[PDB]
Amino acid sequence: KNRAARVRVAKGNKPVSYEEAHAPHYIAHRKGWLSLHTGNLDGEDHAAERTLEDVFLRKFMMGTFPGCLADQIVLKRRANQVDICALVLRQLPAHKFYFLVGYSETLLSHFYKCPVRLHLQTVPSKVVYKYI
Amino acid sequence: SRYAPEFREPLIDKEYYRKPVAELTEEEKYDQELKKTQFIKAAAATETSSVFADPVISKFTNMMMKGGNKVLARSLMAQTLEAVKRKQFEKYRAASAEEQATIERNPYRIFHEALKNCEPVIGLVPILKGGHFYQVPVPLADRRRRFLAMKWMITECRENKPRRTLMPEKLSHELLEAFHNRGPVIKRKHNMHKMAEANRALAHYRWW
Amino acid sequence: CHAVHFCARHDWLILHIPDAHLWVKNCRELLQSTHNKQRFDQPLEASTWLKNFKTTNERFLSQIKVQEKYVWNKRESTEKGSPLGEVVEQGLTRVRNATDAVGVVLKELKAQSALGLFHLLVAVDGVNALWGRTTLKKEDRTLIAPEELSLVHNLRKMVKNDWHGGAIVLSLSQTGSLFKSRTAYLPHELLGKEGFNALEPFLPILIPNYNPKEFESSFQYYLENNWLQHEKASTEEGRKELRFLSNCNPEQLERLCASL
Amino acid sequence: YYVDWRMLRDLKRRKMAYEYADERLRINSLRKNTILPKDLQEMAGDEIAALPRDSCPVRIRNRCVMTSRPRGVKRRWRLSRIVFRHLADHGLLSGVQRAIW
RNA sequence: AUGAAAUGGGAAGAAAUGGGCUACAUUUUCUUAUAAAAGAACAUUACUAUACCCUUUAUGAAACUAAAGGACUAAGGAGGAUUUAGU
Ligand SMILES: [K+]
Ligand SMILES: [Mg+2]
Ligand SMILES: [Mg+2]
Ligand SMILES: [Mg+2]
Ligand SMILES: [Mg+2]
């Protein structure tokens with residue numbers, strides 16, 4: 001049996017998001033890609049360096065916004081600009097988000113030497129695609 | 001298969017399509033009208049309306065082919081037919097007018113009548129009686145009877161020949177010696193019949 | 001071969017090389033030449049040709065007589081004036097000299113032809129082999145060249161227009177040719193730059209495929225001998241089929257009809 | 001901290017090969033020819049031998065950057081088959097999908 | 001010290017067994033060709049060694065590796081029960 005990235009069935013009480021519900025074979029069919037860069041296109045270089053930055057950028061955002069992430073973040077690279085689009089729960093006060101945005105942007109712009117912007121869409125609570 | 005089960009085997013008979021409508025039996029006439037609404041399989045690369053195409057020889061060629069080498073197997077069959085035509089012309093020219101009449105110089109007619117002679121009618125088969133298998137004489141079907149004649153020919157020539165002889169020279173000499181019913185392949189037919197004779201006692205075991 | 005028959009019946013002296021590719025490939029005995037140590041001698045190839053040349057021109061082998069003395073061995077020589085048949089006889093008797101008897105024969109006929117004694121048809125089929133490449137290797141495992149071979153070198157002189165008293169009839173054959181494409185038939189493609197320059201000015205005579213009249217004549221000839229034994233061959237649909245598959249090519253028509 | 005002590009040894013091999021690249025190029029050039037006296041070539045054969053062993057660039061092994069796995073790595077991403085499949089099967093590699101055909 | 005590092009080694013088989021590769025040839029061997037056609041070879045080494053050995057080249061600091069030639073060439077003559085794959 002295949003165990004890869006499959007949220008298995010319980011007794012109908014496990015909420016799962018759209019991203020979690022779909023197994024790997026639905027990638028490019030029902031669900032898209034969380035990161036969009038040009039490094040895996042044919043005749044393009046620096047796939048390894050873009051992929052390592054993604055791993056870190058995801059671990060950074062989880063720790064910097066602990067318990068405030070409704071879904072996995074979406075990374076969008078255009079030219080040298082990096083754009084982070086994160087669904088965040090409305091747990092923290094509003095002013096705290098302004099602090100963490102200023103901090104996380106400046107810190108990641110001086111770490112990778114690129115302009116990095118954070119885009120936050122706040123949800124009242126996690127969106128449930130289906131109960132499995 | 002890449003052909004859905006709704007596809008129909010092609011009919012590549014030139015005269016059939018050009019026959020007058022009234023000459024066709026209504027059963028044949030019915031299929032033509034039905035086929036206008038059906039799908040038709042593409043014809044094979046070896047399927048043609050040629051007047052020189054013989055299915056029996058085309059099948060015999062495929063049973064000699066090794067590893068998809070159709071050119072070599074077809075070449076060997078062409079050399080065989082020629083080796084038989086050249087062997088009968090020599091005999092015809094070196095024969096009296098009376099003898100000349102009997103001599104057959106058509107290689108296609110020597111090939112067909114040679115194979116038919118080798119065909120075995122009844123061969124032993126394993127049949128289950130009381131949860132036990134017995135060798136009971138059975139009537140061989142048409143397809144199995146035809147297959148056995150060709151297989152026995154291609155196997156006598158392939159194996160039981162000198163090292164320096166060639167297949168067009170052993171096959172020609174065997175088709176000709178099976179056109180007169182005096183060959184090793186005919187002896188193999190006489191063994192299958194001889195063995196069924198010994199086991200005739202178990203004939204009634206057959207349930208069809 | 002049609003030209004060789006016309007000349008043969010008028011009492012010409014036929015010097016017919018049946019295939020010239022056989023002299024540049026698949027040689028199992030390749031000796032060296034005493035006359036010139038650079039050159040090599042093909043004993044078996046020369047011996048076979050001489051026996052055929054003897055049969056064709058047996059009549060003229062007593063009339064023509066050598067104009068010089070040829071020392072085959074220390075103990076054997078040909079006195080001037082003796083019949084040309086003696087040169088041929090020694091070549092067959094002693095295979096070592098066979099490649100040298102041929103050279104004497106070609107030299108004598110070329111010189112004596114101009115004297116008006118006889119006409120000489122030098123008919124070489126497969127002439128493209130002379131100025132091409134070989135598949136023969138020296139003791140060092142290095143490929144030989146056509147000039148090096150003795151038989152090839154002698155013949156290259158006979159196909160030159162520096163003599164008179166006869167005619168040279170040449171033919172090109174890509175079949176059996178070495179290092180040439182399957183679809184090469186034109187004179188420059190097969191002869192090359194060396195062969196073309198050697199033979200010019202030459203008269204090219206194109207041999208085409210059977211025309212409608214010739215194809216019917218060939219079709220009836222096979223039917224006249226009972227060769228086309230298939231029942232449908234005599235019919236108009238058989239003939240039309242055989243015309244398409246053969247394409248009126250003489251060889252292909254013979255091959256297709258052979259199986260039928 | 002790197003993944004393990006094996007990745008640490010590999011990292012040092014990569015930094016000592018970069019230091020000795022020009023040197024090992026200039027010396028090795030004197031040997032890869034037939035134009036210089038064999039006495040010089042025999043001596044250059046020992047100058048290259050005398051350099052430290054970790055300067056040799058054939059002692060570098062490509063390891064997964066995240067698990068330090070010596071075999072199973074894909075050179076375009078520098079990840080093992082196990083790590084690559086985890087990122088690919090989650091939609092985190094841009095343009096990588098399963099191959100159905 | 002069950003931790004860290006350096007240098008040198010990690011051997012072989014009158015053995016059994018699994019899988020693969022090659023051959024046992026004539027529907028074959030070699031050569032040109034292009035897979036068509038042609039010329040030769042065709043049983044003692046004819047077919048036939050991706051072994052051993054001998055040279056050369058490629059990679060490397062290191063040839064112990066791989067390729068290409070050279071000879072040397074042994075066995076094998078289509079394989080007992082039995083068993084694998086293919087619609
Ligand atoms: K230790
Ligand atoms: Mg560890
Ligand atoms: Mg390595
Ligand atoms: Mg071929
Ligand atoms: Mg070296």
# chains A, B, ... in the order shown; residues from 1 in each chain; ligands from 1
$ closest_atom_pairs --of "chain B" --to "chain E" --cutoff "10 Å" --atoms "only C-alpha atoms (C1' of nucleotides)" --output "tab-separated table"
residue	atom	partner	partner_atom	distance
B:1	CA	E:87	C1'	8.7
B:64	CA	E:27	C1'	8.1
B:65	CA	E:27	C1'	7.8
B:66	CA	E:27	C1'	7.3
B:69	CA	E:27	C1'	8.8
B:71	CA	E:36	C1'	9.7
B:72	CA	E:27	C1'	6.8
B:73	CA	E:27	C1'	7.1
B:75	CA	E:27	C1'	9.7
B:76	CA	E:27	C1'	7.9
B:158	CA	E:27	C1'	9.0
B:162	CA	E:26	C1'	9.1
B:163	CA	E:26	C1'	6.3
B:164	CA	E:26	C1'	5.8
B:165	CA	E:26	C1'	6.9
B:166	CA	E:26	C1'	6.2
B:167	CA	E:27	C1'	7.8
$ select_by_dssp --residues "chain D" --states "alpha helix (DSSP H)" --output "PDB file with N, CA, C and O atoms, in the first residue's frame"
ATOM      1  N   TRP D   5      29.384  13.434  10.683  1.00  0.00           N
ATOM      2  CA  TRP D   5      30.826  13.591  10.538  1.00  0.00           C
ATOM      3  C   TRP D   5      31.306  13.248   9.136  1.00  0.00           C
ATOM      4  O   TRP D   5      32.388  13.690   8.739  1.00  0.00           O
ATOM      5  N   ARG D   6      30.532  12.465   8.386  1.00  0.00           N
ATOM      6  CA  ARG D   6      30.903  12.150   7.011  1.00  0.00           C
ATOM      7  C   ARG D   6      30.701  13.352   6.100  1.00  0.00           C
ATOM      8  O   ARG D   6      31.523  13.611   5.214  1.00  0.00           O
ATOM      9  N   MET D   7      29.612  14.097   6.297  1.00  0.00           N
ATOM     10  CA  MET D   7      29.414  15.319   5.529  1.00  0.00           C
ATOM     11  C   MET D   7      30.467  16.359   5.880  1.00  0.00           C
ATOM     12  O   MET D   7      30.849  17.166   5.025  1.00  0.00           O
ATOM     13  N   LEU D   8      30.939  16.357   7.126  1.00  0.00           N
ATOM     14  CA  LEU D   8      31.976  17.299   7.536  1.00  0.00           C
ATOM     15  C   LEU D   8      33.291  17.006   6.828  1.00  0.00           C
ATOM     16  O   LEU D   8      33.969  17.923   6.350  1.00  0.00           O
ATOM     17  N   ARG D   9      33.673  15.730   6.759  1.00  0.00           N
ATOM     18  CA  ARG D   9      34.888  15.359   6.043  1.00  0.00           C
ATOM     19  C   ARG D   9      34.777  15.694   4.561  1.00  0.00           C
ATOM     20  O   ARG D   9      35.747  16.150   3.945  1.00  0.00           O
ATOM     21  N   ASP D  10      33.601  15.473   3.971  1.00  0.00           N
ATOM     22  CA  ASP D  10      33.393  15.819   2.568  1.00  0.00           C
ATOM     23  C   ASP D  10      33.501  17.322   2.337  1.00  0.00           C
ATOM     24  O   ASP D  10      34.089  17.762   1.343  1.00  0.00           O
ATOM     25  N   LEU D  11      32.936  18.128   3.238  1.00  0.00           N
ATOM     26  CA  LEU D  11      33.007  19.577   3.076  1.00  0.00           C
ATOM     27  C   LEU D  11      34.451  20.061   3.063  1.00  0.00           C
ATOM     28  O   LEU D  11      34.815  20.934   2.268  1.00  0.00           O
ATOM     29  N   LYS D  12      35.285  19.513   3.944  1.00  0.00           N
ATOM     30  CA  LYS D  12      36.684  19.920   3.988  1.00  0.00           C
ATOM     31  C   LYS D  12      37.424  19.490   2.726  1.00  0.00           C
ATOM     32  O   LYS D  12      38.260  20.237   2.208  1.00  0.00           O
ATOM     33  N   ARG D  13      37.132  18.288   2.221  1.00  0.00           N
ATOM     34  CA  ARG D  13      37.701  17.862   0.947  1.00  0.00           C
ATOM     35  C   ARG D  13      37.345  18.820  -0.183  1.00  0.00           C
ATOM     36  O   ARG D  13      38.155  19.030  -1.093  1.00  0.00           O
ATOM     37  N   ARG D  14      36.149  19.412  -0.148  1.00  0.00           N
ATOM     38  CA  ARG D  14      35.740  20.321  -1.211  1.00  0.00           C
ATOM     39  C   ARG D  14      36.426  21.672  -1.098  1.00  0.00           C
ATOM     40  O   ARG D  14      36.614  22.352  -2.111  1.00  0.00           O
ATOM     41  N   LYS D  15      36.798  22.082   0.113  1.00  0.00           N
ATOM     42  CA  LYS D  15      37.436  23.374   0.311  1.00  0.00           C
ATOM     43  C   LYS D  15      38.943  23.307   0.133  1.00  0.00           C
ATOM     44  O   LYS D  15      39.565  24.335  -0.158  1.00  0.00           O
ATOM     45  N   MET D  16      39.538  22.127   0.293  1.00  0.00           N
ATOM     46  CA  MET D  16      40.956  21.943   0.025  1.00  0.00           C
ATOM     47  C   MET D  16      41.231  21.652  -1.441  1.00  0.00           C
ATOM     48  O   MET D  16      42.355  21.873  -1.902  1.00  0.00           O
ATOM     49  N   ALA D  17      40.235  21.162  -2.178  1.00  0.00           N
ATOM     50  CA  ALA D  17      40.387  20.990  -3.616  1.00  0.00           C
ATOM     51  C   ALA D  17      40.310  22.331  -4.333  1.00  0.00           C
ATOM     52  O   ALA D  17      40.978  22.536  -5.352  1.00  0.00           O
ATOM     53  N   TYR D  18      39.500  23.252  -3.812  1.00  0.00           N
ATOM     54  CA  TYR D  18      39.424  24.588  -4.387  1.00  0.00           C
ATOM     55  C   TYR D  18      40.722  25.354  -4.160  1.00  0.00           C
ATOM     56  O   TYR D  18      41.139  26.147  -5.012  1.00  0.00           O
ATOM     57  N   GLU D  19      41.370  25.136  -3.014  1.00  0.00           N
ATOM     58  CA  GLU D  19      42.642  25.798  -2.740  1.00  0.00           C
ATOM     59  C   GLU D  19      43.744  25.300  -3.669  1.00  0.00           C
ATOM     60  O   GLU D  19      44.585  26.086  -4.120  1.00  0.00           O
ATOM     61  N   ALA D  21      43.443  23.846  -6.695  1.00  0.00           N
ATOM     62  CA  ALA D  21      42.988  23.589  -8.057  1.00  0.00           C
ATOM     63  C   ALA D  21      43.981  24.120  -9.082  1.00  0.00           C
ATOM     64  O   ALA D  21      44.407  23.389  -9.985  1.00  0.00           O
ATOM     65  N   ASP D  22      44.363  25.394  -8.964  1.00  0.00           N
ATOM     66  CA  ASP D  22      45.347  25.957  -9.882  1.00  0.00           C
ATOM     67  C   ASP D  22      46.667  25.200  -9.801  1.00  0.00           C
ATOM     68  O   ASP D  22      47.251  24.836 -10.826  1.00  0.00           O
ATOM     69  N   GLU D  23      47.152  24.955  -8.582  1.00  0.00           N
ATOM     70  CA  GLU D  23      48.418  24.250  -8.420  1.00  0.00           C
ATOM     71  C   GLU D  23      48.376  22.884  -9.091  1.00  0.00           C
ATOM     72  O   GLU D  23      49.243  22.556  -9.908  1.00  0.00           O
ATOM     73  N   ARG D  24      47.372  22.070  -8.761  1.00  0.00           N
ATOM     74  CA  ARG D  24      47.274  20.748  -9.370  1.00  0.00           C
ATOM     75  C   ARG D  24      47.023  20.824 -10.868  1.00  0.00           C
ATOM     76  O   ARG D  24      47.312  19.857 -11.580  1.00  0.00           O
ATOM     77  N   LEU D  25      46.491  21.943 -11.359  1.00  0.00           N
ATOM     78  CA  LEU D  25      46.336  22.124 -12.798  1.00  0.00           C
ATOM     79  C   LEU D  25      47.682  22.387 -13.458  1.00  0.00           C
ATOM     80  O   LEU D  25      48.040  21.739 -14.447  1.00  0.00           O
ATOM     81  N   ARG D  26      48.442  23.337 -12.914  1.00  0.00           N
ATOM     82  CA  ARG D  26      49.717  23.712 -13.513  1.00  0.00           C
ATOM     83  C   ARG D  26      50.701  22.551 -13.488  1.00  0.00           C
ATOM     84  O   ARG D  26      51.400  22.297 -14.476  1.00  0.00           O
ATOM     85  N   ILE D  27      50.770  21.830 -12.369  1.00  0.00           N
ATOM     86  CA  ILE D  27      51.709  20.720 -12.257  1.00  0.00           C
ATOM     87  C   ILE D  27      51.277  19.572 -13.158  1.00  0.00           C
ATOM     88  O   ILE D  27      52.091  18.980 -13.874  1.00  0.00           O
ATOM     89  N   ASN D  28      49.986  19.238 -13.133  1.00  0.00           N
ATOM     90  CA  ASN D  28      49.504  18.102 -13.906  1.00  0.00           C
ATOM     91  C   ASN D  28      49.598  18.364 -15.404  1.00  0.00           C
ATOM     92  O   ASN D  28      49.717  17.417 -16.189  1.00  0.00           O
ATOM     93  N   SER D  29      49.543  19.631 -15.820  1.00  0.00           N
ATOM     94  CA  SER D  29      49.727  19.954 -17.232  1.00  0.00           C
ATOM     95  C   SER D  29      51.113  19.542 -17.712  1.00  0.00           C
ATOM     96  O   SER D  29      51.277  19.105 -18.856  1.00  0.00           O
ATOM     97  N   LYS D  38      61.309  13.748 -20.337  1.00  0.00           N
ATOM     98  CA  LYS D  38      60.763  12.775 -19.401  1.00  0.00           C
ATOM     99  C   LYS D  38      61.318  12.964 -17.998  1.00  0.00           C
ATOM    100  O   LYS D  38      60.665  12.570 -17.026  1.00  0.00           O
ATOM    101  N   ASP D  39      62.504  13.561 -17.868  1.00  0.00           N
ATOM    102  CA  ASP D  39      63.053  13.837 -16.546  1.00  0.00           C
ATOM    103  C   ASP D  39      62.184  14.840 -15.802  1.00  0.00           C
ATOM    104  O   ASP D  39      61.890  14.664 -14.613  1.00  0.00           O
ATOM    105  N   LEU D  40      61.764  15.904 -16.486  1.00  0.00           N
ATOM    106  CA  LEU D  40      60.844  16.857 -15.878  1.00  0.00           C
ATOM    107  C   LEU D  40      59.503  16.202 -15.574  1.00  0.00           C
ATOM    108  O   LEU D  40      58.904  16.453 -14.522  1.00  0.00           O
ATOM    109  N   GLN D  41      59.016  15.356 -16.485  1.00  0.00           N
ATOM    110  CA  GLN D  41      57.728  14.702 -16.276  1.00  0.00           C
ATOM    111  C   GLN D  41      57.783  13.716 -15.115  1.00  0.00           C
ATOM    112  O   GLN D  41      56.821  13.600 -14.349  1.00  0.00           O
ATOM    113  N   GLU D  42      58.896  12.991 -14.969  1.00  0.00           N
ATOM    114  CA  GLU D  42      59.040  12.109 -13.816  1.00  0.00           C
ATOM    115  C   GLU D  42      59.075  12.896 -12.514  1.00  0.00           C
ATOM    116  O   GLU D  42      58.595  12.410 -11.485  1.00  0.00           O
ATOM    117  N   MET D  43      59.636  14.106 -12.537  1.00  0.00           N
ATOM    118  CA  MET D  43      59.709  14.912 -11.326  1.00  0.00           C
ATOM    119  C   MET D  43      58.370  15.569 -11.019  1.00  0.00           C
ATOM    120  O   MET D  43      57.985  15.681  -9.850  1.00  0.00           O
ATOM    121  N   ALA D  44      57.650  16.012 -12.052  1.00  0.00           N
ATOM    122  CA  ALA D  44      56.314  16.553 -11.835  1.00  0.00           C
ATOM    123  C   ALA D  44      55.363  15.480 -11.323  1.00  0.00           C
ATOM    124  O   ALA D  44      54.400  15.793 -10.617  1.00  0.00           O
ATOM    125  N   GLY D  45      55.617  14.217 -11.666  1.00  0.00           N
ATOM    126  CA  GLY D  45      54.813  13.129 -11.144  1.00  0.00           C
ATOM    127  C   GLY D  45      54.886  12.998  -9.639  1.00  0.00           C
ATOM    128  O   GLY D  45      53.982  12.418  -9.030  1.00  0.00           O
ATOM    129  N   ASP D  46      55.947  13.520  -9.024  1.00  0.00           N
ATOM    130  CA  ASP D  46      56.122  13.457  -7.580  1.00  0.00           C
ATOM    131  C   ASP D  46      55.687  14.731  -6.876  1.00  0.00           C
ATOM    132  O   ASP D  46      55.236  14.667  -5.728  1.00  0.00           O
ATOM    133  N   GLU D  47      55.812  15.884  -7.534  1.00  0.00           N
ATOM    134  CA  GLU D  47      55.300  17.119  -6.952  1.00  0.00           C
ATOM    135  C   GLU D  47      53.788  17.049  -6.778  1.00  0.00           C
ATOM    136  O   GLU D  47      53.247  17.525  -5.773  1.00  0.00           O
ATOM    137  N   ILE D  48      53.089  16.459  -7.749  1.00  0.00           N
ATOM    138  CA  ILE D  48      51.646  16.286  -7.627  1.00  0.00           C
ATOM    139  C   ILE D  48      51.326  15.250  -6.558  1.00  0.00           C
ATOM    140  O   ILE D  48      50.319  15.360  -5.848  1.00  0.00           O
ATOM    141  N   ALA D  49      52.168  14.223  -6.430  1.00  0.00           N
ATOM    142  CA  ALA D  49      51.951  13.211  -5.402  1.00  0.00           C
ATOM    143  C   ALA D  49      52.155  13.786  -4.006  1.00  0.00           C
ATOM    144  O   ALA D  49      51.489  13.367  -3.054  1.00  0.00           O
ATOM    145  N   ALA D  50      53.071  14.745  -3.862  1.00  0.00           N
ATOM    146  CA  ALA D  50      53.405  15.282  -2.550  1.00  0.00           C
ATOM    147  C   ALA D  50      52.312  16.172  -1.978  1.00  0.00           C
ATOM    148  O   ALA D  50      52.273  16.372  -0.759  1.00  0.00           O
ATOM    149  N   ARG D  81      16.974  10.082  -3.078  1.00  0.00           N
ATOM    150  CA  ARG D  81      15.677   9.681  -3.606  1.00  0.00           C
ATOM    151  C   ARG D  81      14.596   9.788  -2.537  1.00  0.00           C
ATOM    152  O   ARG D  81      13.442  10.105  -2.842  1.00  0.00           O
ATOM    153  N   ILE D  82      14.954   9.539  -1.276  1.00  0.00           N
ATOM    154  CA  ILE D  82      13.961   9.568  -0.209  1.00  0.00           C
ATOM    155  C   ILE D  82      13.538  10.999   0.096  1.00  0.00           C
ATOM    156  O   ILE D  82      12.351  11.281   0.290  1.00  0.00           O
ATOM    157  N   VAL D  83      14.498  11.923   0.154  1.00  0.00           N
ATOM    158  CA  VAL D  83      14.166  13.315   0.441  1.00  0.00           C
ATOM    159  C   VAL D  83      13.462  13.949  -0.749  1.00  0.00           C
ATOM    160  O   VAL D  83      12.523  14.735  -0.585  1.00  0.00           O
ATOM    161  N   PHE D  84      13.909  13.627  -1.963  1.00  0.00           N
ATOM    162  CA  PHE D  84      13.285  14.189  -3.155  1.00  0.00           C
ATOM    163  C   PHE D  84      11.816  13.797  -3.229  1.00  0.00           C
ATOM    164  O   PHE D  84      10.950  14.631  -3.514  1.00  0.00           O
ATOM    165  N   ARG D  85      11.517  12.523  -2.975  1.00  0.00           N
ATOM    166  CA  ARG D  85      10.139  12.056  -3.053  1.00  0.00           C
ATOM    167  C   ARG D  85       9.247  12.745  -2.031  1.00  0.00           C
ATOM    168  O   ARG D  85       8.061  12.964  -2.293  1.00  0.00           O
ATOM    169  N   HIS D  86       9.795  13.099  -0.869  1.00  0.00           N
ATOM    170  CA  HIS D  86       8.989  13.753   0.153  1.00  0.00           C
ATOM    171  C   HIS D  86       8.581  15.153  -0.280  1.00  0.00           C
ATOM    172  O   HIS D  86       7.438  15.570  -0.060  1.00  0.00           O
ATOM    173  N   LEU D  87       9.501  15.897  -0.893  1.00  0.00           N
ATOM    174  CA  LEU D  87       9.163  17.229  -1.384  1.00  0.00           C
ATOM    175  C   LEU D  87       8.309  17.153  -2.642  1.00  0.00           C
ATOM    176  O   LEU D  87       7.378  17.948  -2.816  1.00  0.00           O
ATOM    177  N   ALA D  88       8.609  16.205  -3.532  1.00  0.00           N
ATOM    178  CA  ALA D  88       7.860  16.092  -4.779  1.00  0.00           C
ATOM    179  C   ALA D  88       6.428  15.638  -4.530  1.00  0.00           C
ATOM    180  O   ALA D  88       5.489  16.180  -5.124  1.00  0.00           O
TER     181      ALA D  88
END
$ interface_residues --of "chain A" --to "chain D" --cutoff "6 Å" --atoms "only C-alpha atoms" --output "short mmCIF file (atom, residue, chain, number, x, y, z; two decimals) with N, CA, C and O atoms, in the first residue's frame"
data_model
loop_
_atom_site.label_atom_id
_atom_site.label_comp_id
_atom_site.auth_asym_id
_atom_site.auth_seq_id
_atom_site.Cartn_x
_atom_site.Cartn_y
_atom_site.Cartn_z
N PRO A 24 -0.52 12.35 -4.03
CA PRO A 24 0.48 12.87 -4.98
C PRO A 24 0.09 12.76 -6.44
O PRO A 24 0.49 13.62 -7.24
N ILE A 27 -1.30 15.82 -8.33
CA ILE A 27 -0.49 17.00 -8.58
C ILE A 27 -0.45 17.27 -10.08
O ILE A 27 -0.11 16.38 -10.88
N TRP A 33 1.10 23.57 -7.78
CA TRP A 33 2.38 23.55 -7.08
C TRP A 33 2.44 24.70 -6.09
O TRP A 33 2.03 25.83 -6.40
N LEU A 34 2.96 24.42 -4.90
CA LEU A 34 3.05 25.44 -3.86
C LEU A 34 4.15 26.46 -4.16
O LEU A 34 4.01 27.63 -3.80
N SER A 35 5.24 26.04 -4.79
CA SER A 35 6.32 26.94 -5.19
C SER A 35 6.37 27.04 -6.71
O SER A 35 6.25 26.03 -7.42
N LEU A 36 6.57 28.26 -7.21
CA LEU A 36 6.67 28.53 -8.65
C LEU A 36 7.94 29.32 -8.94
O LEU A 36 7.98 30.53 -8.75
N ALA A 47 18.38 24.78 -9.78
CA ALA A 47 17.26 24.10 -9.14
C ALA A 47 17.59 23.76 -7.70
O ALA A 47 16.73 23.90 -6.81
N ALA A 48 18.82 23.31 -7.44
CA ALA A 48 19.20 22.93 -6.09
C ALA A 48 19.13 24.11 -5.13
O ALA A 48 18.69 23.96 -3.98
#
$ residues_around --residues "residue C:194" --least-positions-apart "6" --cutoff "10 Å" --atoms "only C-alpha atoms (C1' of nucleotides)" --output "PyMOL selection string"
chain C and resi 130-132+188
$ write_last_selection --atoms "C-alpha atoms" --output "JSON list (two decimals), in the first residue's frame"
[["chain", "number", "residue", "atom", "x", "y", "z"],
["C", 130, "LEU", "CA", 40.48, -0.90, -61.62],
["C", 131, "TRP", "CA", 40.56, 2.70, -60.30],
["C", 132, "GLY", "CA", 38.83, 2.10, -56.97],
["C", 188, "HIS", "CA", 31.54, 9.52, -62.18]]
$ residues_near_ligand --ligand "ligand 4" --cutoff "8 Å" --atoms "only C-alpha atoms (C1' of nucleotides) and all ligand atoms" --output "NGL selection string"
:E and (34-37)
$ write_last_selection --atoms "C-alpha atoms (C1' of nucleotides)" --output "PDB file, in the first residue's frame"
ATOM      1  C1'   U E  34      23.615  -0.849 -45.832  1.00  0.00           C
ATOM      2  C1'   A E  35      20.612  -4.347 -44.256  1.00  0.00           C
ATOM      3  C1'   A E  36      18.951  -5.343 -50.343  1.00  0.00           C
ATOM      4  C1'   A E  37      22.562  -7.707 -53.223  1.00  0.00           C
TER       5        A E  37
END
$ interface_residues --of "chain C" --to "chain E" --cutoff "10 Å" --atoms "only C-alpha atoms (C1' of nucleotides)" --output "PyMOL selection string"
chain C and resi 21-22+25-28+134-136+174-182
$ closest_atom_pairs --of "chain E" --to "ligand 5" --cutoff "9 Å" --atoms "only C-alpha atoms (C1' of nucleotides) and all ligand atoms" --output "JSON lines"
{"residue": "E:58", "atom": "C1'", "partner": "ligand 5", "partner_atom_place_in_ligand_line": "1 (Mg)", "distance": 8.5}
{"residue": "E:59", "atom": "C1'", "partner": "ligand 5", "partner_atom_place_in_ligand_line": "1 (Mg)", "distance": 8.1}
{"residue": "E:60", "atom": "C1'", "partner": "ligand 5", "partner_atom_place_in_ligand_line": "1 (Mg)", "distance": 7.5}
{"residue": "E:63", "atom": "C1'", "partner": "ligand 5", "partner_atom_place_in_ligand_line": "1 (Mg)", "distance": 8.5}
$ closest_atom_pairs --of "chain D" --to "ligand 3" --cutoff "9 Å" --atoms "only C-alpha atoms and all ligand atoms" --output "JSON lines"
{"residue": "D:58", "atom": "CA", "partner": "ligand 3", "partner_atom_place_in_ligand_line": "1 (Mg)", "distance": 6.1}
{"residue": "D:59", "atom": "CA", "partner": "ligand 3", "partner_atom_place_in_ligand_line": "1 (Mg)", "distance": 6.4}
{"residue": "D:60", "atom": "CA", "partner": "ligand 3", "partner_atom_place_in_ligand_line": "1 (Mg)", "distance": 6.3}
{"residue": "D:61", "atom": "CA", "partner": "ligand 3", "partner_atom_place_in_ligand_line": "1 (Mg)", "distance": 5.2}
{"residue": "D:62", "atom": "CA", "partner": "ligand 3", "partner_atom_place_in_ligand_line": "1 (Mg)", "distance": 7.6}
$ interface_residues --of "chain B" --to "chain C" --cutoff "8 Å" --atoms "only C-alpha atoms" --output "list in words"
residues 50, 51, 52, 78, 79, 81, 82, 105, 106, 107 and 108 of chain B
$ residues_near_ligand --ligand "ligand 2" --cutoff "10 Å" --atoms "only C-alpha atoms (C1' of nucleotides) and all ligand atoms" --output "PyMOL selection string"
chain D and resi 2-6+67-68
$ residues_near_ligand --ligand "ligand 1" --cutoff "12 Å" --atoms "only C-alpha atoms (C1' of nucleotides) and all ligand atoms" --output "list in words"
residues 5 of chain D; 1, 2, 3, 4 and 5 of chain E
$ write_last_selection --atoms "C-alpha atoms (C1' of nucleotides)" --output "PDB file, in the first residue's frame"
ATOM      1  CA  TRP D   5      30.826  13.591  10.538  1.00  0.00           C
TER       2      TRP D   5
ATOM      3  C1'   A E   1      35.432   5.875  24.988  1.00  0.00           C
ATOM      4  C1'   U E   2      30.645   2.113  22.242  1.00  0.00           C
ATOM      5  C1'   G E   3      33.135   9.243  20.636  1.00  0.00           C
ATOM      6  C1'   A E   4      36.797  12.076  16.897  1.00  0.00           C
ATOM      7  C1'   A E   5      40.992  11.734  13.318  1.00  0.00           C
TER       8        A E   5
END
$ residues_around --residues "stretch 48-57 of chain E" --least-positions-apart "6" --cutoff "8 Å" --atoms "only C-alpha atoms (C1' of nucleotides)" --output "PyMOL selection string"
chain E and resi 23-24+68-73
